[PDB]
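Report on one structure; see the data block that follows.
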Amino acid sequence: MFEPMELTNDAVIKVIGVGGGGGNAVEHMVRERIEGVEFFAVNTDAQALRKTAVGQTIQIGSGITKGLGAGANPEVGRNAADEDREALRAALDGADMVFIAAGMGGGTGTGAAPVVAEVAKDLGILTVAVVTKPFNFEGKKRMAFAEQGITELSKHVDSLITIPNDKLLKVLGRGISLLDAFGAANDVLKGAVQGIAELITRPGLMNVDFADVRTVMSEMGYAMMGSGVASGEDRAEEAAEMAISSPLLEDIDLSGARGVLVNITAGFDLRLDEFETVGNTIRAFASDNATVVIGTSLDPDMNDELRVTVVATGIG
Amino acid sequence: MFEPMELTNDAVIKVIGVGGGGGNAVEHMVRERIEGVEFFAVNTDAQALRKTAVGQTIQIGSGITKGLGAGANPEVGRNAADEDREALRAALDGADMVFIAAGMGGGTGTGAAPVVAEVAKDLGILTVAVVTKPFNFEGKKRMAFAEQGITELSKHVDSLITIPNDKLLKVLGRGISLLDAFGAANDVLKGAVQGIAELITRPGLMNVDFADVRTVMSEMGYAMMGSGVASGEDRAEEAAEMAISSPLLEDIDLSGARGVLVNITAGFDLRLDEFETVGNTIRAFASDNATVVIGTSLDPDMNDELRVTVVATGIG
Amino acid sequence: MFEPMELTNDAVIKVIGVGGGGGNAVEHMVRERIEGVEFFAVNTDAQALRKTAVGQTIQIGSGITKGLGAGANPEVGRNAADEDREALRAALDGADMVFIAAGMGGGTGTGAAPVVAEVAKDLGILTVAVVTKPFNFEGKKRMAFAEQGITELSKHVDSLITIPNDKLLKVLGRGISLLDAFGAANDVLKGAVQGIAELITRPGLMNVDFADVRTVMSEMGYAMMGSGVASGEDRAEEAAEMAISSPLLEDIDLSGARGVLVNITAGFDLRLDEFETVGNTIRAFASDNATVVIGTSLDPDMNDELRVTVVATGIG
Amino acid sequence: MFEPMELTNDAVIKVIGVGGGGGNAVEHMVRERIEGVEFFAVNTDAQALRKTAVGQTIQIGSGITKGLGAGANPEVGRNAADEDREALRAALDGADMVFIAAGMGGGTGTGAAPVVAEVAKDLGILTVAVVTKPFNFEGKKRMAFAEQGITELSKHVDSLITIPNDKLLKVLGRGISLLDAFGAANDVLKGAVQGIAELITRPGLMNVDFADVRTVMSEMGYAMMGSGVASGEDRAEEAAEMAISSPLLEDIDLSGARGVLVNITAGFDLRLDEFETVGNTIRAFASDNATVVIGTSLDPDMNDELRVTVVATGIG
Amino acid sequence: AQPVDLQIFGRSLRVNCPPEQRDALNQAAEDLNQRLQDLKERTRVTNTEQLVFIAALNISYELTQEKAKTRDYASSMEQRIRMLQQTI
Amino acid sequence: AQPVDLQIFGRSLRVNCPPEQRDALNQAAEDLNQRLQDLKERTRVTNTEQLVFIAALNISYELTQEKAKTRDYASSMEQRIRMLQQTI
Amino acid sequence: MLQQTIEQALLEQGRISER
Amino acid sequence: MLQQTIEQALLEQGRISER
Amino acid sequence: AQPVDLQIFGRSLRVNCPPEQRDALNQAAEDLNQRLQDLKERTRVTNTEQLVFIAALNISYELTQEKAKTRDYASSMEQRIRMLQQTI
Ligand SMILES: Nc1nc2c(ncn2[C@@H]2O[C@H](COP(=O)(O)CP(=O)(O)OP(=O)(O)O)[C@@H](O)[C@H]2O)c(=O)[nH]1
Ligand SMILES: Nc1nc2c(ncn2[C@@H]2O[C@H](COP(=O)(O)CP(=O)(O)OP(=O)(O)O)[C@@H](O)[C@H]2O)c(=O)[nH]1
Ligand SMILES: Nc1nc2c(ncn2[C@@H]2O[C@H](COP(=O)(O)CP(=O)(O)OP(=O)(O)O)[C@@H](O)[C@H]2O)c(=O)[nH]1
Ligand SMILES: Nc1nc2c(ncn2[C@@H]2O[C@H](COP(=O)(O)CP(=O)(O)OP(=O)(O)O)[C@@H](O)[C@H]2O)c(=O)[nH]1
Ligand SMILES: [K+]
Ligand SMILES: [K+]
Ligand SMILES: [K+]
Ligand SMILES: [K+]
Ligand SMILES: [Mg+2]
Ligand SMILES: [Mg+2]
Ligand SMILES: [Mg+2]
Ligand SMILES: [Mg+2]
């Protein structure tokens, strides 16, 4: 059979929601219908697993908690993760790169995300962890547990994204619904996952592929990932500034990034000055020792739109 | 059977596009339908190889990158080239002169072009390499990798053509499309290849042939190749100054050339003063120790057009 | 049979390209695949009609020009339109509103657009004429013919959009291709047609329909129509200022508009302050005696993307 | 059978060489292989008719000269033309536009060209006459006969092109062959004919056709026709100034033209500024009361060339 | 010959056809539309600028496969019919 | 499945084919090359942007015209052979 | 009956051959 | 003789059917 | 294939010929030389730039006349020989 070619790469990307917060963040993407990504929910709470819209679930520590949450004990979460490490490895095997989502400060996520990260690293999988700090009013003990957990998580990941949960109150403005604030928080992980997937699979005139992703995230540190879209006369500048804007992320210094990966997607009318303006926006913060890779993907599907996807790692 | 004579020489000329940029430059010529030349695409990225309209492809380093790009690592490109040296030798064997095209700064092209050049040189093939520098906004490290790669490439090529990618922003003018800006750069390699082929094969009143090409390219250094076409009263002068105009090439000094090769093509009405004006244009920059060879080819096919092809090597 | 309800209105909209320029403008929309709209090409030149990608054609004046152009004679164009008025009426009958596109200055478009407009007005159809002035270098007589033709066209249309062809030179930038420069002008008519159709058919929370379109086009005058799309934090403001920006239109005074029709389309997360900012953008220029209608259409189909369509008539 | 469309117009163009000089000028085009045009040779001299490479011949006045020339008698030429008017009418019937070529001063051409022109005008055919004055050394009486003949010819031709034969001595240069000097003069008629044919038949983005030709030639007077071709950076300006350059024509004032017809042909990369520069070149001389028509024809066949064809009539 | 207009695979075409082949052209357009429509989702991202080329090579092979049978069964039946003619 | 190159009508294509249909692909390529060559020589100036579309509609009509004979003579010979079987 | 089957086969192959 | 021609015709129709 | 050199009608030519057709080429050269040499004085002053054209159309006509006989007498002998076979 004479078949047309398939110019789409093959990628295995896994998103794991550990604990209640991570389960919520993953369920956000599930309800938003993002294709090409495997969804998971790992928890100690049977009720939370049964409630989520995430299809595949992995109940950890059924023999230590009997289907109850860890009860704000990181040790219980770590023990429940250690008990079911085989199930984690089996469900996480054969993956190019995983995205671990976990709101941290409690028992399950805080003590269980480092174990999943360790499983992935031992398996030899690039790992990105997207976590949220507790609110200010949740106490000092909650924040201390979250910080210790984040240290343990950074011990076993390649790039870590931290969302202070207190920036929702400052950024989103009063009158915002709780559901909408949480959705704004979850959009960080959704945008990161979707941008990485589109960059890895879809081809381009100046191709950037999984190897570029591996070589920019080959060094531990904080990271920012996102995309921007614009139209009109100033579409290039607007899209570039949207891509590198992180209102909800922790106060981050892009100049300290040691790896920058940019992909520009537009129609065939992409002018050279627009490409130059995106490149100049990227160069505005990139350091002299950072590995900057700029990619372009002219797509007839994009009618008059310009999308810019920026991945910056190695920060701090 | 009584057959008319064939007054056309035989030449084997190969154009190899190493990496994404080189593949783009070669597929430009493929889409423009240039005859009498073999086309190749050498890469580590399977997706880019399957994308290109370049017909014959040589996937290098399938056992080190598993079909992915080099990830901006020159060492990975060199290793992937060394792994599959036999395929390069087999595809490049039996060639009079090769034209290696590679956009330099990344991993595949930067580290792989010197290996292909070494294969051609130890095989005993005259080699011309047409490469592009990275943009200004792509960083200092990208430019450093490209410069080191060009230093390595100079060791195994007889003549090297360098196109600073930053001159597209300065020469072409605002509003130019990315596709047309890149096509302007691709036309340098297209003009070089087509001019050299037409010079080598087709005969002439004052014949210049492959031996003249070999004796002008016996001196290592930078080079410029191109052609000009004109009509009307000032056809000779206009074509001569069009042939030695290189807006997109790096700032070059033609007076430093150690070898100049000129071929004038026109109809039988070519006047003596036109030939003299072309010769004076060439003498305006040719040095006293340079080997200048002037060729003429009166062709009834050229109705009222005058074409001048100039090859100058040994610069810098 | 258990039938799910259809919430889409029904509208008949016709786009007629009279002469070469109008045929080009309509063929642009045909190639861009705009749905729900009828396309026509009306001309005296048989070769141009057979060239265009516009499917259905209406060759006028086959008995006065014998399939040739009008030869820059407006009188010949008017006579050729009067000869085949029945074909125009038959193809234009049963229409809610027509969009006549023509490039004034020549013979066919200049003298034939007023006749088609007269046919539509006699039939009782809302008429919008999108025309282009000649270039500066095309002469004084060409511009005089175009101005006389536009004066005649103003008698039989409801709203007229004029695009000075000399603003392409000033706005687009030195280096833009002719095809892209002409596509920029064609996008004015494309945006007008697509915005009007999308407004008339699709429902909304604060519904605006064909009656509002009729009551804002109930007065002769210059008009501007277009749409703006944006995303991100400033999506409302960016889209609003994109909708009322007309770089290629003749120098226009929005404050003189006596009818403004605005439609905001977004997802269910559209905040109240975004709606207020769009309303304030509209109020910034709307006069006190103008009939302003603001519409909203929350669409689950639409992503975090926001679109604003503005129709302003009665100017000048 | 499903057949592809034919976008080429149909035109009948006749070139008649009356007398020895006209026969020479026509057989120049015959030997240069110009397609799509009918060739004729009208003469009184049987020997010259049997010499010429022109295929179709029309021996006039076989009953007054018995196959000999007119012997420098304009009256004999007029009588010989009047005798065989039916053959001229039959061969010249069914023609859109004729091009009468005749070297004036002698007997056959001088007295016979006005009769052929009268036949064409009575038949209702647009007529263009390309004639040459005698040399300086050929005498005062030869020049007087030629001037009287041109005065007669002006009565029945829509546009007349006059080539002073004395400008060959001043323009071409000492040492030019007689054959090449005469070929330079013949190229005026060849360029006029080929440019007009290519303009009338092949289509364009801004189509100009036979009607435009008729409306620019509706004004009696002198005319100039020609084409220019260029490549490179200044292709538009070079081609424009080449098209309106007439070294061999009589001292002419383009500002007095009452009709200008321009057609620009290039590839799809034709930039807007190139079109503007051609238009500015045309505007540099076009008067305010002249009908200027600018046409464009983007052709994939034109690889990187740019052709400009200019027809200016009504002069003097 | 009365040039007809078609809209195939989102790509307007203009062909002149004899009046008697009009309906054959319409059904050919439907067949081609369906063939290319099935060729679109065979691969998610491809060089769509080449898709009609495969849509023509596939039907070229599918035409040869059935074209060979034209002579195949014709020859077999012809030898059978002449031989039964000759016996009786 | 072992992607292979083609160069058809001055337009390079890449199609992956099973090993057993390779020669069929080559012959379809020559048939298409010849068909489009005959189409180009049919007209002086045309829209080459649509020429392969005509080259596919023509072969689809030429496919159906002879493909209907497949069941035509099939049904004829089936009925004849059933009736002959039933008699003897 | 077997004499005419081959005779009518000729007519049916006539309509095949013209087809 | 006529008995077997129809029998082999069945094999020929079978090879057509799989053809 | 070992390019040969000829001097025909005062006009040097270069042809490559198989070794076995050398003498045939020489005899064709003499025939052409004689044909054009006879064509020269057929007219005192002419367009000699066309003379080889008539020297080729004349032998084209002469080839047609005596080439049609190849099939003529072949057909006649065929009918006579088959008929004599069938009688005895
Ligand atoms: N942005 C969000 N933050 C959340 C969400 N749920 C929890 N959190 C934050 O994350 C912190 C961790 O709480 P979780 O309920 O996710 C703890 P988990 O269920 O993983 O552990 P145990 O229930 O203690 O076993 C919590 O203090 C909040 O500040 C959510 O849906 N969105
Ligand atoms: N003029 C052009 N320059 C290009 C093009 N593509 C890339 N480049 C330039 O060349 C530089 C090298 O980038 P490439 O993508 O060609 C590197 P390659 O694919 O050969 O190596 P890896 O992908 O890192 O394995 C890049 O930084 C650009 O400045 C192109 O199409 N045209
Ligand atoms: N933006 C564009 N303007 C155009 C285009 N074609 C023409 N024009 C402009 O419109 C003016 C009218 O030229 P047209 O060719 O449209 C005249 P038309 O064919 O309607 O009349 P005749 O050919 O004289 O019968 C012309 O002077 C240009 O300034 C086009 O494709 N785009
Ligand atoms: N540029 C050219 N001018 C020519 C040529 N032949 C003649 N002429 C010029 O035109 C003038 C007219 O001379 P011709 O011989 O053409 C006169 P014709 O044969 O038409 O008339 P009779 O022979 O007197 O019957 C003559 O005086 C020359 O000045 C020619 O081949 N080229
Ligand atoms: K990619
Ligand atoms: K040579
Ligand atoms: K509505
Ligand atoms: K035309
Ligand atoms: Mg819990
Ligand atoms: Mg690569
Ligand atoms: Mg027109
Ligand atoms: Mg004479």
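Residues are named by chain letter and number: chains run A, B, ... in the order of the structure tokens, numbers start at 1 in each chain, and ligands are numbered from 1 in the order shown.
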
Shell of 8 Å around ligand 5 (only C-alpha atoms and all ligand atoms), written as a ChimeraX atom specification: /A:9,198-204,207-210

At most 8 Å from ligand 3 (only C-alpha atoms and all ligand atoms): residue list as an NGL selection string: (:C and (18-25 or 43-45 or 68-74 or 77 or 102-110 or 132-135 or 138 or 142 or 165 or 181-183 or 185-186)) or (:D and (205-209 or 212 or 293-295))

Which residues of chain A come within 9 Å of chain B, and what is each one's closest atom pair and distance in Å (one decimal), counting only C-alpha atoms, sorted by chain and residue number, as CSV?
residue,atom,partner,partner_atom,distance
A:5,CA,B:50,CA,7.6
A:6,CA,B:50,CA,8.3
A:7,CA,B:47,CA,6.0
A:8,CA,B:47,CA,7.3
A:9,CA,B:47,CA,6.7
A:203,CA,B:47,CA,7.0
A:204,CA,B:48,CA,8.1
A:205,CA,B:20,CA,8.0
A:206,CA,B:20,CA,6.6
A:207,CA,B:20,CA,7.0
A:208,CA,B:69,CA,7.9
A:209,CA,B:69,CA,6.6
A:210,CA,B:68,CA,7.0
A:211,CA,B:71,CA,4.6
A:212,CA,B:71,CA,4.3
A:213,CA,B:71,CA,7.8
A:214,CA,B:71,CA,7.6
A:215,CA,B:71,CA,6.1
A:216,CA,B:71,CA,8.6
A:268,CA,B:179,CA,7.4
A:269,CA,B:177,CA,6.1
A:270,CA,B:178,CA,5.9
A:271,CA,B:177,CA,4.0
A:272,CA,B:178,CA,4.5
A:273,CA,B:174,CA,6.4
A:274,CA,B:178,CA,8.8
A:275,CA,B:178,CA,7.7
A:276,CA,B:137,CA,7.7
A:279,CA,B:137,CA,5.5
A:280,CA,B:137,CA,5.7
A:281,CA,B:137,CA,8.8
A:282,CA,B:137,CA,7.7
A:283,CA,B:137,CA,5.6
A:284,CA,B:137,CA,8.9
A:286,CA,B:139,CA,7.8
A:287,CA,B:139,CA,8.1
A:288,CA,B:140,CA,5.7
A:289,CA,B:141,CA,6.5
A:290,CA,B:141,CA,7.3
A:291,CA,B:141,CA,6.7
A:292,CA,B:138,CA,6.2
A:293,CA,B:138,CA,7.0
A:294,CA,B:138,CA,7.0

Sel. of alpha helix (DSSP H) residues, chain E, as a PyMOL selection string: chain E and resi 22-40+51-87

Would you save the residues of that selection, restricted to C-alpha atoms, as a PDB file, in the first residue's frame?
ATOM      1  CA  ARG E  22     -20.360  15.525 -16.894  1.00  0.00           C
ATOM      2  CA  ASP E  23     -21.777  12.901 -14.535  1.00  0.00           C
ATOM      3  CA  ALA E  24     -18.695  10.725 -14.927  1.00  0.00           C
ATOM      4  CA  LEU E  25     -16.652  13.758 -13.866  1.00  0.00           C
ATOM      5  CA  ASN E  26     -18.882  14.285 -10.831  1.00  0.00           C
ATOM      6  CA  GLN E  27     -18.561  10.668  -9.701  1.00  0.00           C
ATOM      7  CA  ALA E  28     -14.810  10.800 -10.364  1.00  0.00           C
ATOM      8  CA  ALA E  29     -14.650  13.871  -8.132  1.00  0.00           C
ATOM      9  CA  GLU E  30     -16.519  12.006  -5.394  1.00  0.00           C
ATOM     10  CA  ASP E  31     -14.146   9.046  -5.686  1.00  0.00           C
ATOM     11  CA  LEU E  32     -11.097  11.327  -5.547  1.00  0.00           C
ATOM     12  CA  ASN E  33     -12.514  13.328  -2.637  1.00  0.00           C
ATOM     13  CA  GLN E  34     -13.119  10.132  -0.677  1.00  0.00           C
ATOM     14  CA  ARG E  35      -9.686   8.724  -1.537  1.00  0.00           C
ATOM     15  CA  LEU E  36      -7.846  11.850  -0.397  1.00  0.00           C
ATOM     16  CA  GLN E  37     -10.142  12.244   2.621  1.00  0.00           C
ATOM     17  CA  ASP E  38      -9.145   8.742   3.704  1.00  0.00           C
ATOM     18  CA  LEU E  39      -5.522   9.595   2.929  1.00  0.00           C
ATOM     19  CA  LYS E  40      -5.590  12.602   5.271  1.00  0.00           C
ATOM     20  CA  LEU E  51      -0.979  13.839  -0.941  1.00  0.00           C
ATOM     21  CA  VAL E  52      -2.656  13.906  -4.351  1.00  0.00           C
ATOM     22  CA  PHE E  53       0.457  12.238  -5.768  1.00  0.00           C
ATOM     23  CA  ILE E  54      -0.120   9.165  -3.602  1.00  0.00           C
ATOM     24  CA  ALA E  55      -3.836   9.465  -4.329  1.00  0.00           C
ATOM     25  CA  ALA E  56      -2.903   9.034  -7.998  1.00  0.00           C
ATOM     26  CA  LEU E  57      -0.239   6.321  -7.693  1.00  0.00           C
ATOM     27  CA  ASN E  58      -2.594   4.191  -5.594  1.00  0.00           C
ATOM     28  CA  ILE E  59      -5.300   4.352  -8.238  1.00  0.00           C
ATOM     29  CA  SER E  60      -2.697   3.750 -10.958  1.00  0.00           C
ATOM     30  CA  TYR E  61      -1.784   0.450  -9.309  1.00  0.00           C
ATOM     31  CA  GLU E  62      -5.461  -0.298  -8.623  1.00  0.00           C
ATOM     32  CA  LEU E  63      -6.146   0.360 -12.325  1.00  0.00           C
ATOM     33  CA  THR E  64      -3.347  -1.891 -13.574  1.00  0.00           C
ATOM     34  CA  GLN E  65      -4.454  -4.705 -11.241  1.00  0.00           C
ATOM     35  CA  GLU E  66      -7.849  -4.747 -12.956  1.00  0.00           C
ATOM     36  CA  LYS E  67      -6.537  -3.776 -16.408  1.00  0.00           C
ATOM     37  CA  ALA E  68      -4.512  -6.965 -16.760  1.00  0.00           C
ATOM     38  CA  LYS E  69      -7.710  -9.003 -16.328  1.00  0.00           C
ATOM     39  CA  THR E  70      -9.067  -7.298 -19.458  1.00  0.00           C
ATOM     40  CA  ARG E  71      -6.709  -9.293 -21.652  1.00  0.00           C
ATOM     41  CA  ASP E  72      -6.588 -12.252 -19.238  1.00  0.00           C
ATOM     42  CA  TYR E  73     -10.196 -13.385 -19.371  1.00  0.00           C
ATOM     43  CA  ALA E  74     -10.601 -12.151 -22.943  1.00  0.00           C
ATOM     44  CA  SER E  75      -7.838 -14.490 -24.116  1.00  0.00           C
ATOM     45  CA  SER E  76      -9.045 -17.444 -22.038  1.00  0.00           C
ATOM     46  CA  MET E  77     -12.639 -17.134 -23.224  1.00  0.00           C
ATOM     47  CA  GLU E  78     -11.513 -16.508 -26.810  1.00  0.00           C
ATOM     48  CA  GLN E  79      -9.544 -19.727 -27.000  1.00  0.00           C
ATOM     49  CA  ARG E  80     -12.510 -21.542 -25.445  1.00  0.00           C
ATOM     50  CA  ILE E  81     -14.983 -20.049 -27.936  1.00  0.00           C
ATOM     51  CA  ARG E  82     -12.897 -20.778 -31.041  1.00  0.00           C
ATOM     52  CA  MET E  83     -12.233 -24.324 -29.888  1.00  0.00           C
ATOM     53  CA  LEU E  84     -15.921 -25.083 -29.249  1.00  0.00           C
ATOM     54  CA  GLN E  85     -16.623 -23.413 -32.602  1.00  0.00           C
ATOM     55  CA  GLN E  86     -14.230 -25.829 -34.288  1.00  0.00           C
ATOM     56  CA  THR E  87     -15.519 -29.010 -32.622  1.00  0.00           C
TER      57      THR E  87
END

Proximity to chain E - best of D:252, D:64, D:150, D:1, only C-alpha atoms: D:1

Backbone DSSP call of strand (DSSP E or B) for range 161-252 of chain D, listed as an NGL selection string: :D and (161-163 or 206 or 221-230)

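Once chain I is fitted onto chain F using all Cα atoms matched in sequence order, the root-mean-square deviation is 0.2 Å.
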
Chain fit, chain H moved to chain G over all Cα pairs in order, as a CSV table (one decimal) with C-alpha atoms, in the first residue's frame:
chain,number,residue,atom,x,y,z
H,1,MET,CA,-29.2,-26.7,-27.7
H,2,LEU,CA,-25.4,-26.7,-27.4
H,3,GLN,CA,-25.2,-25.6,-31.0
H,4,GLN,CA,-26.5,-22.1,-30.4
H,5,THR,CA,-24.9,-21.2,-27.1
H,6,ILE,CA,-21.5,-20.8,-28.8
H,7,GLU,CA,-23.2,-18.7,-31.5
H,8,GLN,CA,-24.7,-16.3,-29.0
H,9,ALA,CA,-21.4,-16.3,-27.2
H,10,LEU,CA,-20.0,-14.7,-30.3
H,11,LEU,CA,-22.5,-11.8,-29.9
H,12,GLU,CA,-21.6,-11.5,-26.3
H,13,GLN,CA,-17.9,-11.4,-27.1
H,14,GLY,CA,-18.6,-8.7,-29.7
H,15,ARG,CA,-20.5,-6.5,-27.3
H,16,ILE,CA,-17.5,-7.0,-24.9
H,17,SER,CA,-15.1,-6.1,-27.7
H,18,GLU,CA,-16.9,-2.8,-28.4
H,19,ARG,CA,-17.2,-2.3,-24.6

d(CA of residue 113 in chain D, CA of residue 54 in chain D) in Å: 17.9 Å

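The two atoms in question, CA of residue 59 in chain B and CA of residue 127 in chain A, are spaced 29.0 Å apart.
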
Residues within 9 Å of residue 155 in chain B, only C-alpha atoms, excluding chain neighbours under 5 positions, as a PyMOL selection string: chain B and resi 114+117-118+150+220

For the selection you just gave me, I'd like the residues written to a file as a JSON list (two decimals), in the first residue's frame, keeping N, CA, C and O atoms.
[["chain", "number", "residue", "atom", "x", "y", "z"],
["B", 114, "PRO", "N", 33.54, 18.31, 9.15],
["B", 114, "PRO", "CA", 34.96, 17.96, 9.01],
["B", 114, "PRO", "C", 35.19, 16.50, 8.71],
["B", 114, "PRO", "O", 36.14, 16.18, 7.99],
["B", 117, "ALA", "N", 34.43, 16.00, 5.05],
["B", 117, "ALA", "CA", 35.52, 16.63, 4.32],
["B", 117, "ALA", "C", 36.77, 15.76, 4.34],
["B", 117, "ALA", "O", 37.47, 15.64, 3.33],
["B", 118, "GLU", "N", 37.08, 15.16, 5.49],
["B", 118, "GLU", "CA", 38.23, 14.28, 5.60],
["B", 118, "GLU", "C", 38.07, 13.06, 4.72],
["B", 118, "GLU", "O", 39.02, 12.61, 4.07],
["B", 150, "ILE", "N", 34.52, 25.49, 12.05],
["B", 150, "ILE", "CA", 35.06, 26.00, 10.80],
["B", 150, "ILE", "C", 36.57, 25.86, 10.78],
["B", 150, "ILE", "O", 37.17, 25.55, 9.74],
["B", 220, "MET", "N", 44.65, 26.55, -0.63],
["B", 220, "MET", "CA", 43.66, 26.56, 0.44],
["B", 220, "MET", "C", 43.27, 27.99, 0.78],
["B", 220, "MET", "O", 44.09, 28.91, 0.69]]

Straight-line distance linking CA of residue 158 in chain B with CA of residue 218 in chain B, stated in Å to one decimal: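 Straight-line distance from CA of residue 158 in chain B to CA of residue 218 in chain B works out to 6.7 Å.
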
Closest of F:88, F:10, F:50, F:19 to chain C - atom-to-atom distances counting only C-alpha atoms: F:50

Who sits within 10 Å of residue 129 in chain D, only C-alpha atoms, same chain under 2 positions skipped, as a VMD selection string: chain D and resid 15 to 16 98 to 102 113 to 114 117 127 131 150 153 to 154 156 to 162 189 222 to 223

Selected residue of minimal separation from residue 224 in chain A among A:149, A:313, A:307, A:238, counting only C-alpha atoms: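 That would be A:313, the residue with the smallest distance to residue 224 in chain A.
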
Exercise: residue 90 in chain B partners within 12 Å, only C-alpha atoms, chain neighbours under 6 positions left out, as number ranges by chain: B: 58, 84, 116, 119-120, 123

Put those residues in a file: N, CA and C atoms, as a JSON list (two decimals), in the first residue's frame.
[["chain", "number", "residue", "atom", "x", "y", "z"],
["B", 58, "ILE", "N", 21.36, 9.70, 4.02],
["B", 58, "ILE", "CA", 22.34, 8.88, 4.73],
["B", 58, "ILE", "C", 22.21, 9.19, 6.21],
["B", 84, "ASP", "N", 29.60, 5.90, 11.00],
["B", 84, "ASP", "CA", 29.08, 5.53, 9.68],
["B", 84, "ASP", "C", 29.94, 6.08, 8.55],
["B", 116, "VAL", "N", 33.16, 14.42, 6.95],
["B", 116, "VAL", "CA", 32.85, 14.21, 5.53],
["B", 116, "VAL", "C", 33.93, 14.83, 4.66],
["B", 119, "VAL", "N", 36.86, 12.50, 4.69],
["B", 119, "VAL", "CA", 36.59, 11.36, 3.81],
["B", 119, "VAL", "C", 36.84, 11.74, 2.36],
["B", 120, "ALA", "N", 36.32, 12.89, 1.94],
["B", 120, "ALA", "CA", 36.51, 13.32, 0.57],
["B", 120, "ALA", "C", 37.98, 13.57, 0.26],
["B", 123, "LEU", "N", 39.97, 10.41, 0.10],
["B", 123, "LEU", "CA", 39.58, 9.74, -1.13],
["B", 123, "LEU", "C", 40.22, 10.39, -2.35]]
